[PDB]
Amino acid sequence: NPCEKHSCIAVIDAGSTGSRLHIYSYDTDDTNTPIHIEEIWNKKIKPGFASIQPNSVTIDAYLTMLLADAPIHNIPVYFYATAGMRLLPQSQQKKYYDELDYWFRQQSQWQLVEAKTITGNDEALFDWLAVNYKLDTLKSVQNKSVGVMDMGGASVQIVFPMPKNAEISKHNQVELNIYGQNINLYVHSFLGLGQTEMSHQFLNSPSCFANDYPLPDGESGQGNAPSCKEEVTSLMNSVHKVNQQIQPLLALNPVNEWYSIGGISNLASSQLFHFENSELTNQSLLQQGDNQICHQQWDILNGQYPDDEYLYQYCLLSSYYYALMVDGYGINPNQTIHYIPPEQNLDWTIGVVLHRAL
C-alpha cells in the first residue's frame, strides 16, 4: 500500500503507437523535489490515442481499458500526448481533449490534473530527465556529458548538455536547476522522422526489404542495407536538414555517453539481433541488419522467426537508425550506444514527476 505512505501520481504517455499509464510512488527532499521514485503500476494499450475516432463512446472504451484495473485509483493524473497528436491541427485535437475531460468527470476516483499535447522540445527535456534520473547522474555535477535519443513512431528526440547560446532558438534550449545543480540542455524533436512516418516513404524501396518480400506496388524486395540507408539519409538530410542542425552543436559540445530509448530498445533486444551489455554500435547494427534480414529470402526468414510482427521491417529499421545517428547526428559508427532494456518500462514520464516540482 505505497500511496498511504508516499506521494503518488499517475502519468500517461499517450504516444503515437499506444498509451502507457504509470503510477509512481515517491518521497521528496528538503526543496519538495521528488526522490526514491518507484513505478508501482504500469499498463500499456494500443493503438495511439490520436488514431481513434474522437467521440463519446470510443474515448470511454479506450480510457476504461487504460485505467479500470489500476490497483489504486484516488490519485492525481497527468495525461500528456506526444507526436501522434502533434500530427493533428489544434481544432481537431480539441475534440479528443473535450471528450477526455468529460470521461474523468463521470467518475470520482481519478483526479485529472492536466491532459494536453506537449511539444517535442518538452518531450526531449523529459526524455533527458528520465534517463539521467535512472542513471543517478542528476544529484551531483557530472564530469561527463550524457546525451539521450528517443526513437518514437512519429518523432525522434535528441537532447544533450549545451551552454546557453543566444544564436539558437530559445525553443531548443532549456535551463533547469535540480537537486541544487544548474543544467543547460539543447533539445530537438524531428516530427515525421519517427519509425512509422518515415517508413511510409520507403515501402516500395526494394533495398529496404528482404529478398522476395512482396512490396505493396508489386515489385520484390532485394535488400541491401547500405543502399537502403542512403535512401533514408536523403529524407534525414535533404529534407529535414538533420546534419546541418545537429552536427555543429555536437562538434562543439561532445557527448561522452549516449543512451537511447524507444523502438531501438525493442529491435536490439529481439531474437534477430545480438548485442551484449544492453549496448550497440551503429556499425554492428547495420551489418547485422544487412546479413540477418536484408540479404535473406523473405519466406524462409518469416518461417524461421514466426513470433515477431516487426520482422519484415528490420532491414529498413537497421538502415534507418544508422542513417539517423551516423549520417544525421554525425555520431561515429563505432561509438557505443546504450539502450535501456524494454522490460524496464522507461519512457519520459519520470521526467514529469521531477520537472513539475522545479
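If you superpose the two forms and keep the largest set of C-alpha atoms that fall within 1.5 Å, you have the rigid core. For every residue, the number given is its place in the sequence shown, counted from 1.
Student: With the rigid core as the fit anchor, does 265-273 or 100-108 show bigger C-alpha shifts in 8 other deposited structures of this protein?
Tutor: Comparing 265-273 with 100-108, the larger C-alpha deviation in 8 other deposited structures of this protein belongs to 100-108.
Student: How do 306-314 and 321-329 compare in 8 other deposited structures of this protein: which one has C-alphas farther from this form after the rigid core is matched?
Tutor: If we average over structures and residues in 8 other deposited structures of this protein, the farther stretch is 306-314.
Student: Between 126-134 and 173-181, which has the higher average C-alpha B-factor in the PDB entry?
Tutor: Between 126-134 and 173-181, it is 173-181.
Student: Got a sec? Mean C-alpha B-factor, which is higher, 101-109 or 256-264?
Tutor: The recorded data point to 101-109.
Student: Say you rank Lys95, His73, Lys241, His188 by Cα B-factor from the PDB entry; which sits at the top?
Tutor: That would be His73, according to the entry.
Student: Could you tell me which one of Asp30, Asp299, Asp27, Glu39 shows the highest CA temperature factor in the PDB record?
Tutor: Going by the entry's C-alpha B-factors, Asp30 comes out highest.
Student: Test of reading the entry: by CA B factor among the chain's modelled residues, which third contains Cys8?
Tutor: As the PDB entry reports it, the C-alpha B-factor of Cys8 lands in the lowest third of its chain.
Student: Is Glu276 in the lowest, middle or highest third of its chain when residues are ranked by C-alpha B-factor?
Tutor: Tercile = highest for this residue's CA B-factor.
Student: Determine, from the deposited record, the chain-internal third of the Cα B-factor for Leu67: lowest, middle or highest.
Tutor: Highest third, going by the recorded CA B-factors of the chain.
Student: Determine, from the deposited record, the chain-internal third of the Cα B-factor for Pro333: lowest, middle or highest.
Tutor: Tercile = middle for this residue's CA B-factor.
Student: By the recorded C-alpha temperature factor, relative to the other modelled residues in its chain, which third is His200 in?
Tutor: Bottom third by C-alpha B-factor.
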